[PDB]
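Asks: Pasting a structure here, questions to come.
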Amino acid sequence: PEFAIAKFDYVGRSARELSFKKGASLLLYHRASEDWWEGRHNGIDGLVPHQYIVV
């Protein structure tokens with residue numbers, strides 16, 4: 001359960017993706033693959049792209 005900060009805006013195109021703004025704080029639960037994390041933002045659980053966040 002890692003705290004992450006968004007390095008750039010991400011606009012999800014799927015209900016499986018979270019959308020967030022650069023600078024946002026996100027909670028990352030688990031590293032699903034080298035490119036995806038299961039996380040939560042804005043009270044919603046979903047996938048977070050590794051390329052847009054920093055831990």
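Each chain of the structure tokens is named A, B, ... in the order shown, its residues numbered from 1; ligands are numbered from 1 in display order.
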Using DSSP on the backbone, list every residue of chain A that comes out as strand (DSSP E), and give them as number ranges by chain.

Replies: A: 2-6, 25-33, 36-41, 44-49, 53-54

Asks: Write out the residues from the selection above, keeping N, CA and C atoms, as a short mmCIF file (atom, residue, chain, number, x, y, z; two decimals), in the first residue's frame.

Replies:
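Okay, result-v4.cif is ready:
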data_model
loop_
_atom_site.label_atom_id
_atom_site.label_comp_id
_atom_site.auth_asym_id
_atom_site.auth_seq_id
_atom_site.Cartn_x
_atom_site.Cartn_y
_atom_site.Cartn_z
N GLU A 2 1.26 1.68 -1.20
CA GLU A 2 2.16 2.81 -1.42
C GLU A 2 1.45 4.11 -1.74
N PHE A 3 2.03 5.23 -1.29
CA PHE A 3 1.48 6.54 -1.63
C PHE A 3 2.16 6.89 -2.93
N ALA A 4 1.40 7.40 -3.89
CA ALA A 4 1.98 7.79 -5.16
C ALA A 4 1.54 9.19 -5.54
N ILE A 5 2.30 9.85 -6.41
CA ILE A 5 1.94 11.17 -6.87
C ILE A 5 1.90 11.06 -8.39
N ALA A 6 0.91 11.68 -9.01
CA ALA A 6 0.76 11.61 -10.46
C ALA A 6 1.73 12.59 -11.11
N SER A 25 -2.62 12.71 -5.35
CA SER A 25 -2.14 11.65 -4.50
C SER A 25 -2.96 10.41 -4.83
N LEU A 26 -2.30 9.27 -4.89
CA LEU A 26 -3.01 8.03 -5.15
C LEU A 26 -2.51 6.98 -4.21
N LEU A 27 -3.38 6.05 -3.87
CA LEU A 27 -2.99 4.96 -3.01
C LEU A 27 -2.81 3.78 -3.96
N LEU A 28 -1.63 3.16 -3.95
CA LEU A 28 -1.39 1.99 -4.82
C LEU A 28 -1.32 0.71 -3.99
N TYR A 29 -2.29 -0.17 -4.22
CA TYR A 29 -2.36 -1.42 -3.48
C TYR A 29 -1.42 -2.52 -3.91
N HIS A 30 -1.30 -2.71 -5.22
CA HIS A 30 -0.52 -3.81 -5.70
C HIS A 30 -0.03 -3.58 -7.12
N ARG A 31 1.19 -4.05 -7.40
CA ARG A 31 1.79 -3.95 -8.73
C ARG A 31 1.27 -5.14 -9.56
N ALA A 32 0.33 -4.88 -10.46
CA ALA A 32 -0.29 -5.93 -11.26
C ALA A 32 0.64 -6.48 -12.36
N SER A 33 1.35 -5.57 -13.02
CA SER A 33 2.32 -5.93 -14.04
C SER A 33 3.36 -4.81 -14.00
N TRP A 36 1.25 -1.70 -14.86
CA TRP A 36 -0.04 -1.39 -14.24
C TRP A 36 -0.08 -1.67 -12.74
N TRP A 37 -0.77 -0.81 -12.00
CA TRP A 37 -0.96 -1.01 -10.55
C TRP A 37 -2.46 -1.02 -10.27
N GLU A 38 -2.86 -1.70 -9.19
CA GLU A 38 -4.25 -1.66 -8.73
C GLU A 38 -4.16 -0.50 -7.71
N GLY A 39 -4.99 0.53 -7.87
CA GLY A 39 -4.93 1.62 -6.92
C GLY A 39 -6.30 2.20 -6.71
N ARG A 40 -6.33 3.26 -5.93
CA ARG A 40 -7.58 3.94 -5.63
C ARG A 40 -7.36 5.46 -5.67
N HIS A 41 -8.34 6.18 -6.23
CA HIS A 41 -8.25 7.64 -6.36
C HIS A 41 -9.65 8.15 -6.50
N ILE A 44 -12.44 5.66 -5.94
CA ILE A 44 -12.69 4.61 -6.93
C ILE A 44 -11.51 3.65 -7.06
N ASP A 45 -11.79 2.36 -7.09
CA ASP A 45 -10.73 1.36 -7.27
C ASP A 45 -10.58 1.06 -8.76
N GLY A 46 -9.34 0.94 -9.22
CA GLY A 46 -9.10 0.65 -10.62
C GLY A 46 -7.63 0.55 -10.92
N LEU A 47 -7.31 0.53 -12.21
CA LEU A 47 -5.94 0.40 -12.65
C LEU A 47 -5.30 1.75 -12.86
N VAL A 48 -4.02 1.81 -12.49
CA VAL A 48 -3.23 3.03 -12.58
C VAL A 48 -1.99 2.68 -13.43
N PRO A 49 -1.73 3.46 -14.49
CA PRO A 49 -0.58 3.20 -15.34
C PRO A 49 0.72 3.65 -14.67
N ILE A 53 2.80 7.75 -12.74
CA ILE A 53 2.92 8.01 -11.32
C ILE A 53 4.33 7.77 -10.81
N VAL A 54 4.61 8.27 -9.61
CA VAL A 54 5.90 8.01 -9.01
C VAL A 54 5.69 7.60 -7.57
#

Asks: Which is closer to residue 8 in chain A than all the others in A:43, A:24, A:34, A:52, using only C-alpha atoms?

Replies: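 Of A:43, A:24, A:34, A:52, the one nearest residue 8 in chain A is A:52, counting only C-alpha atoms.
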
Asks: Within 10 Å of residue 11 in chain A, counting only C-alpha atoms, which residues qualify if same-chain residues fewer than 6 places away don't, as a PDB file with N, CA and C atoms, in the first residue's frame?

Replies:
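Result went into out_22.pdb, see below:
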ATOM      1  N   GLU A  17     -10.012   1.741 -15.773  1.00  0.00           N
ATOM      2  CA  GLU A  17      -8.950   2.725 -15.535  1.00  0.00           C
ATOM      3  C   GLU A  17      -9.357   3.876 -14.643  1.00  0.00           C
ATOM      4  N   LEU A  18      -8.420   4.331 -13.825  1.00  0.00           N
ATOM      5  CA  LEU A  18      -8.691   5.480 -12.994  1.00  0.00           C
ATOM      6  C   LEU A  18      -8.243   6.696 -13.820  1.00  0.00           C
ATOM      7  N   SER A  19      -8.842   7.845 -13.561  1.00  0.00           N
ATOM      8  CA  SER A  19      -8.479   9.091 -14.229  1.00  0.00           C
ATOM      9  C   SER A  19      -8.002   9.980 -13.087  1.00  0.00           C
ATOM     10  N   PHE A  20      -6.967  10.772 -13.338  1.00  0.00           N
ATOM     11  CA  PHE A  20      -6.430  11.653 -12.309  1.00  0.00           C
ATOM     12  C   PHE A  20      -5.598  12.780 -12.927  1.00  0.00           C
ATOM     13  N   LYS A  21      -5.391  13.834 -12.138  1.00  0.00           N
ATOM     14  CA  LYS A  21      -4.615  15.004 -12.535  1.00  0.00           C
ATOM     15  C   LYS A  21      -3.186  14.954 -12.000  1.00  0.00           C
TER      16      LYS A  21
END

Asks: Using only C-alpha atoms, find the one residue out of A:1, A:23, A:14, A:7 that sits nearest to residue 51 in chain A.

Replies: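 For residue 51 in chain A, the nearest of the given residues is A:7.
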